[PDB]
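Novice: Give me a model of this one.
(chains A, B, C, D, E and F, ligands or ions: 4)
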Amino acid sequence: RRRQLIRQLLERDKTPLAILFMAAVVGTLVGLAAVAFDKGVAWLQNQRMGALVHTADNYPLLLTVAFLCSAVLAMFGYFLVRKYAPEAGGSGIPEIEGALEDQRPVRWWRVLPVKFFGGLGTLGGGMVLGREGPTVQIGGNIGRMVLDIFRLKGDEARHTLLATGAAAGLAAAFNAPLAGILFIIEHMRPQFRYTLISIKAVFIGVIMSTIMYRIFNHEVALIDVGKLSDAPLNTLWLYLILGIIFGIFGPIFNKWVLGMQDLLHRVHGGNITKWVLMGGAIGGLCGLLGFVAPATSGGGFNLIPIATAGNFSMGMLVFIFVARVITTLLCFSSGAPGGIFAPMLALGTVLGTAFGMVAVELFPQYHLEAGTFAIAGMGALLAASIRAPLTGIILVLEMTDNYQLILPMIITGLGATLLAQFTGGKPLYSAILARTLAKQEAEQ
Amino acid sequence: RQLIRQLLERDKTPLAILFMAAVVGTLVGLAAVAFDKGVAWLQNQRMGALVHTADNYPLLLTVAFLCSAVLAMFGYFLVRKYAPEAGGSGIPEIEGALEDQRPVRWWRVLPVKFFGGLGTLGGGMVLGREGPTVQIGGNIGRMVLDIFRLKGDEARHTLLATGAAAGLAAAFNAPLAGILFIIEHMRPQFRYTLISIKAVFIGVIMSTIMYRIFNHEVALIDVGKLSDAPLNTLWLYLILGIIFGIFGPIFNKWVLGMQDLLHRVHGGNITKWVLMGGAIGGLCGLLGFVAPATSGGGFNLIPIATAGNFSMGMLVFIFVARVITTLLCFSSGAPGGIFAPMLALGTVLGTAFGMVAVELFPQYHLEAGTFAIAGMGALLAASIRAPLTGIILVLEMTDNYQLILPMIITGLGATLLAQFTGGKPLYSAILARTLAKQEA
Amino acid sequence: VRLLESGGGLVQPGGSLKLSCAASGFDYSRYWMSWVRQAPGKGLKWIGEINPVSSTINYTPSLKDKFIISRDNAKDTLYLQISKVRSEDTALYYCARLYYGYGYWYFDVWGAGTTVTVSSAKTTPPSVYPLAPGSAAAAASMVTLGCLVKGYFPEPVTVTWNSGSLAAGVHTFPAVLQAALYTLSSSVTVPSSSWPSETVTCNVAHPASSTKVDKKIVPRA
Amino acid sequence: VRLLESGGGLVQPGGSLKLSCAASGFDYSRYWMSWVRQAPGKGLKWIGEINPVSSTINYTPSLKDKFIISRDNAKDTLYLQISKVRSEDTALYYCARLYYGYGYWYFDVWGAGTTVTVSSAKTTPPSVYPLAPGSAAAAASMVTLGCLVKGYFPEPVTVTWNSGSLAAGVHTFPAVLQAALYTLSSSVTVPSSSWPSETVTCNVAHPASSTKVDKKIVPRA
Amino acid sequence: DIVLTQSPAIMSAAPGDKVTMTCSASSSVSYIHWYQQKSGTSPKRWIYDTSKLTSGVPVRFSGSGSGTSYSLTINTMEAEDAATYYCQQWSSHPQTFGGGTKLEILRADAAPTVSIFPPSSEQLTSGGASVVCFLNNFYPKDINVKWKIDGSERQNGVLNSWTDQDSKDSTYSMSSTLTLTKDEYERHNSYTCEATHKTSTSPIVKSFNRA
Amino acid sequence: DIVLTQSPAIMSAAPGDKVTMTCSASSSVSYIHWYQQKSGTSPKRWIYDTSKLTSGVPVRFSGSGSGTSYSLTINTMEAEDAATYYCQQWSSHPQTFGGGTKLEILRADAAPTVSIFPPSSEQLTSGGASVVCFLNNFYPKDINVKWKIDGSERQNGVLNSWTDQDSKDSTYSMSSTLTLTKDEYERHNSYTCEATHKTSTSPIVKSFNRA
Ligand SMILES: [Br-]
Ligand SMILES: [Br-]
Ligand SMILES: [Br-]
Ligand SMILES: [Br-]
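Specialist: Numbers count the residues shown, from 1 in each chain, chains lettered A, B, ... in the order given. Ligands and ions are numbered 1, 2, ... in the order given. Below, you will see the structure:
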């Protein structure tokens, strides 16, 4: 233990040149991959926008062509999963996480096309899912693909290129380089023992990917919130309160996502036909709801600015919350390819804004702006459900850019992570791999 | 066989640890704050004392020198006499403490480092408050471990980490950078640990609050909102990174080699040392008048450099002079970190690169200020080899998130070439040198 | 950093006005702005505030729509509208930039002020009279002269002896209102050697009635 | 988001003038601002750029202070002052907000221009005369009215009809120079069952002499 | 300072045609932009970074090229594209513009609408006398106006002026102004203005008489 | 609605004294602020959040207290330290100021330089008669002026107005004006203005006779 560390402190931060180059290509692929995926989802959402114009007079035929249009796409996605790669439903992050524990295989030859085209369908129909799921897993696999294609020996290479794939994947999903990197080191690392994940590699991966994303989808931000106001010290306690709320609600949400997977399993039994049909029913509901109420359906990256600015009434907020809790469960819990991250940012935004609303009229002394409580609460559901606060907090900070709110955000985050623990809750991405592994063995 | 242990009990820190974290941070906070006020106070005295002799010029250069000299000596002594393990930064010492290869003699170090650095920093030496606050912080974390008798490797390693964290935070008003420091660098990265990240947060939060209760409403670095970085411009940051990458190990040599050359001067003799100390400390307070830019923490020339208010000449000069004064202050065991002086070195070098780039590429519509900010944490990348920590540290202090891609690039570019030109994490090379004299 | 409020003066009871406050030396957006008035004698009282994005405007427990605070960040200017005016509204009106420390908000930087007189009385100019002393009293070592600015409305007038150059040892007494007109007097103590040998003049300006007058103090023959 | 250049017009050879474009609708700092020329019916030629903090100001291959480009972020205004003006400077001056895509800078948003005429001729306001049908209108579907703008000095003028409420049917013909005076006419066509029925007005504006004439087409009685 | 030189200086085409103008650079430039300058308006950022369209530019447009050659292509031009287009580079300081390509529209025949107008009251009051003729909305652009005071031909004092092509109808308009002294214009009675145009074999005439 | 009240309404102290005001609130206060107002100038921020000197405020001032009673304080008071100090909370909503405390430079006593003036040859023209009497430069501020018309007391038509404390020498001045009709005035001979101060056990009589 003694001479071991001595001198061997050299060979800290000594990543093999081969791995570093391979990370560069991994990122570059995950980049373009993510970009192409993202353009695809846009194009398809737009077709359905154009198709709703060929039927903009006949109102009941519109409600139809919206539903059926999202329905057909959902079904196509649900199918492409159930038929060719079952392990590519849901987010797929717990699958990538298992792959780091070598408890799950990375069937890239399958998942890549399945997740890509698969999600490209669920997201396309305007389902309440995030592009993270796809790009993080697609990313992770793209990392394994290049491992194989180049035959790279060692636990270092395998784990590193898999991580840096998952990283560049999350990065390209949010244009959030740091968030990507931090995702790995804070959370995505096999946190039961040490790893051979070279952080310098993750970097290069993330860099390349982020550039690839910026070569195309740039000059415009995913979330524009403008520079919100500051947060006076005598105001910080209000964020610890909001945190606690997220902390009690965090596990409650984690139950529903889990329990809902169960309840929805019955409806189809595991039957690839009842499933794909149940899928297109939800996917259809989404494209329909994405018209009659757009704020109840879709990624959620739209109501974020509109909520932060406080353009929603307290009523419309409470409604959007309930509706989105519902539509988020229906889309994620039901195996549809697509992450739960983005929907969680919206839910947190919306709830933070609601808290802000109330806080504003209870404390005119404090000179509050609900918009700061929105931004503090934005990554707060990610803290009490994913239990990855530092990741969400930097994710938010990279997207909303209001660093003056770092103290309040860190507090709401920690406040959420703490109460999520003490109320008896568990990292959602861990409780999901805990199940798919438990169900796997209990099936022997 | 039991192929399970599964997943629940991830992020399950014992309530006791979490509460103790809160207290650790609060202490490290106030401690940091008090330390900070002290250094200010003392710099101020020497500022006032330079007024009682503002007419007689040669008597001024004397009252500056001797003034910093006396304070330097006080600090160097407080170390060599009561706690030798509290010289230099003290980060390598806190790192060893996580590997259980160094002891945390808090009863000694706390007062030694506090008052010790309070002297070296006070005299206007080229050292950062991090050294003190990080170590002081780390020890404060162990003090409360003992005083409350906490069993387990978890509690020991956690409260020690969150102390060093809250310590770095309070030193820069950089909560994220604090947390990142542990997770990115400060974790014993040879195996897994029981460092509870949830605790580190609590510690850092409390500390940061404590810092903001007092030293707030004003920033350590104000740079304003710099311009943006067009994609066709990024290559210039990879170049700058490479430069920091080649220079990184070269600087790492000198810091190390200079510790050696300066050891001879005193032999290890606590009198020739304390005297040679007050010689440099005296040189500093003297230099901190005849040219303030070559002496002190460096948080002053940062804004003045980023704005490009220095000529190309005055930059190269400031660089050389600060390379010299930085080594003399750190390599010579004086209590006080090397982080801050590295930020200034990087700022200054980045600005110089920016200067050139600006007149080589009018097409790119450059502003040297962006290359300054990219370069700021670049020496921290090529020497400490902790780029994620430095990048977030700069980003938290300078607040130009639009420059994140360019910063990440310069950073990586430095970390890469530091490796390939054969260099090593300086805070590891120092713990390695200290453990290689314990065994060899 | 200068705040410059204007737009106050004489208004009839039941009328309305638009006090303006123009900002400079700082980013006028970013800041909460405020109006605070001081009723002569009395003390300080807060009217209201308005944030940068005009999404919140708070007024004092003043009754239903008395004031209307608004801001135009484009011109960097804060407005106050007072309608249905009264005696009560006769005050000096300050705009102030709002800030904080620990977050308990304070009134950061104030402006000079604008005065708003609310009364029925008609703007009349002042009649200006010299106050030379009679040869009844002693020519002395120190001679005291004077000026009666009688019966003008409203405030202010400005008195300054020998184009304000002879500023040494002047007194101006607070004007007094009687029967809807104002009266005040200015003193000036000068050496026996300086007057009547040299000309002491009394410069009075009441611009409310576009009056500028200068009354030479001559001795009583 | 608008750019409004101005202070162009007539300059004597060797003279100097300060063009000045007022920006609004976008944060005027954070933006490099530029100046481009267009000689009458010729091509665009870049003059100079200037960064937000006025610390980098490049010009095209020119002399000592031929051009001097300033900028006042307090007023969101850009200045260009050309001195020792020779006749090649007779052009339309555009101020352009600068930006990039991948990085190679383009002229993002352009102003409307100001004309600078390097000449001696005295500035002359137009004479605006109404052209109405010849007391014997064929009374067809439409009726064609016009008003004629004669003898004014620098270009341009800007004719419009019924303050722009008469959009369609208008043709302003390019001016023609004849003995150092410009002359143009504008043509409007309206439903005959609408005039003299309703009033048709010719709004001529000559910015250089600040004159603005509003002629009403009087049906030759 | 790269010298950019543009394809045709002027080019006709009829709505429907695929149109291409090219931008040629002396040295080697990359990522050029294009500006559209409709008549009497200011340049508008049309295409940028070689082939990206400024938001609001119709999909009919496209950019391309590379070394010393670049092109702006309208796939099925429309009549509303009548403008002078300018390419510009800034890949080598100082940036520089091309000379412009004036795209003209070809379009079916349209006969002029002639309108005659006597010297005004106000004008005579000041001593002058201008008679104004308006030839409106014709195409092609070649027209021959001809002035006949009392049957006889006049050419001394006449001034002409054409508009650019229109961006909706692609027609032209002309005005001819005969300028005379008061006394001069008065020593005659009947005034005529003869318009000759491919659309009529026999000239179009409008005329007014003082009696 | 929170109400703040300051202990000395007015007060006096000599340059280098221990000045100590108060601000007491009807309910619970937190982190109060202090404003200094001089005559004819905008209030200025002095102390804030219970006790923090503003950027320029000399180090002799200091705040303290909590809950319900706070205090501004001066060690070695100055001349320029004289003004009105308004405390102000925002601990609650809405915010509220105090009454003010006027701090005033206590000096050595001074006897009033009494001066008396007959109506103008101008005021009388137009039937007015104001007899002005200037009691200048005296400490303390208490004074009683009384008029005698032909040795007889007069209380009707008098109007007094003291200046605020002089900046030059921290005195006080006082102004009594007696207004009568031109006749009412002309029906008498001896007008007397009798000033009673603390500086003497005998009033300072100053008079004039129109004869
Ligand atoms: Br999942
Ligand atoms: Br996800
Ligand atoms: Br060290
Ligand atoms: Br250090």
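Novice: Got the phi and psi for the residue in the stretch 151-300 of chain A positioned nearest to chain F?
Specialist: Nearest residue of the stretch 151-300 of chain A to chain F: residue A:234, at 7.9 Å (C-beta to the nearest C-beta). Where you see a C-beta, it was placed from the backbone N, CA and C, and this is true even at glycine. With angles defined as degrees, to the nearest 10, residue A:234 sits at phi -70, psi 10.
Novice: For it, which non-adjacent residue is closest in space?
Specialist: residue C:103 (3.3 Å; C-beta to C-beta, 6 or more residues apart in numbering or on different chains).
Novice: mind giving me the domain split of chain E?
Specialist: Here the domain parsing of chain E from curated CATH domains is E:1-107, E:108-210.
Novice: Next, format the ones you listed as JSON lines and append distance to residue F:28 and mean neighbour count.
Specialist: Shown next, in JSON lines, are these (distance: least, C-beta to C-beta, whole Å; neighbours: other C-beta atoms under 10 Å in any protein chain shown):
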{"stretch": "domain E:1-107", "distance to residue F:28": "57", "mean neighbour count": "19"}
{"stretch": "domain E:108-210", "distance to residue F:28": "72", "mean neighbour count": "17"}
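Novice: Contacts only, for the residue most central in space within chain A.
Specialist: Nearest to the mean C-alpha position of chain A, counting by C-alpha atoms, centre = their mean, stands residue A:341 at 2.5 Å. Listed by C-beta atoms under 8 Å, 6 or more residues apart in numbering or on different chains, the contact set of residue A:341 reads A:91, A:130, A:132-133, A:173, A:382, A:386.
Novice: before we move on, the earlier item: run a quick neighbour tally on the residue of the stretch 151-300 of chain A closest to chain F.
Specialist: Residues near residue A:234, counting by other C-beta atoms under 10 Å in any protein chain shown, number 20.
Novice: Ok, residue C:67 next?
Specialist: By other C-beta under 10 Å, 18 other residues sit near residue C:67.
Novice: ok, back up a step: wait, which of the contacts of residue A:341 is closest to chain F?
Specialist: Nearest to chain F among the contacts of residue A:341, counting by C-beta to the nearest C-beta, is residue A:382 at 34.3 Å.
Novice: The closest one against residue A:409, yeah?
Specialist: No: contact status for residue A:382 versus residue A:409: not in contact, 11.4 Å apart, counting by C-beta atoms under 8 Å.
Novice: In terms of packing, which of those two has more residues around it?
Specialist: Neighbours around residue A:382 and residue A:409, counted as other C-beta under 10 Å, are more numerous at residue A:409. The numbers are 31 against 28.
Novice: what about the residue lying closest to residue A:280 once chain neighbours are set aside, helix or strand, and which?
Specialist: Nearest residue to residue A:280, sequence neighbours excluded (C-beta to C-beta, 6+ apart): residue A:75, at 3.4 Å. Assessed by DSSP states H and E, residue A:75 sits inside helix A:59-82.
Novice: wait, does the helix or strand just after that helix make contact with chain B?
Specialist: The first helix or strand that comes after helix A:59-82 along the chain, using DSSP H and E, is helix A:93-98. No: judged by C-beta under 8 Å from any C-beta of the partner chain, helix A:93-98 stays clear of chain B, getting no closer than 9.3 Å.
Novice: quick one: the next helix or strand along the chain from helix A:93-98 to helix A:59-82, angle?
Specialist: Per DSSP H and E, the first helix or strand lying C-terminal to helix A:93-98 is helix A:108-122. Per axes from the mean of the first three to the mean of the last three C-alpha atoms, to 10 degrees, the angle that helix A:108-122 makes with helix A:59-82 is 170 degrees.
Novice: which helices and strands does helix A:108-122 pack with?
Specialist: The contact analysis (3 or more C-beta pairs under 8 Å, 6 or more residues apart in numbering or on different chains; DSSP states H and E) places helix A:108-122 against helix A:17-51, helix A:59-82, helix A:132-149, helix A:272-292.
Novice: Just list the residues touching the residue most central in space within chain C, thanks.
Specialist: Closest to where the C-alpha atoms of chain C average out (C-alpha atoms, centre = their mean) is residue C:115, at 5.4 Å. Residue C:115 makes contact with C:8-9, C:91-93, C:155-156, according to C-beta under 8 Å, 6+ apart.
Novice: go again using 7 Å as the cut-off
Specialist: Residue C:115 is in contact with C:8, C:92, C:155, counting by C-beta atoms under 7 Å, 6 or more residues apart in numbering or on different chains.
Novice: just residue E:73 next, same as before
Specialist: Contacts for residue E:73 (C-beta under 7 Å, 6+ apart) come out as E:18-20, E:62, E:64.
Novice: Dump those residues to CSV, plus distance to residue D:168 and secondary structure.
Specialist: Converted to CSV, the contacts of residue E:73 look like this (distance: C-beta to C-beta, whole Å; DSSP: H, G, I helix; E, B strand; the rest coil):
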residue, distance to residue D:168, secondary structure
E:18, 31, coil
E:19, 27, strand
E:20, 33, strand
E:62, 32, strand
E:64, 37, strand
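Novice: and which of these is nearest to ligand 2?
Specialist: Nearest to ligand 2 out of these is residue E:62 (C-beta to the ion; 38.1 Å).
Novice: how much space between the closest one and residue D:30?
Specialist: 31 Å (C-beta to C-beta, to the nearest Å).
Novice: Identify each buried residue in stretch A:292-303, please.
Specialist: By 16 or more other C-beta atoms under 10 Å in any protein chain shown, the buried positions in stretch A:292-303 come out as A:295-301, A:303.
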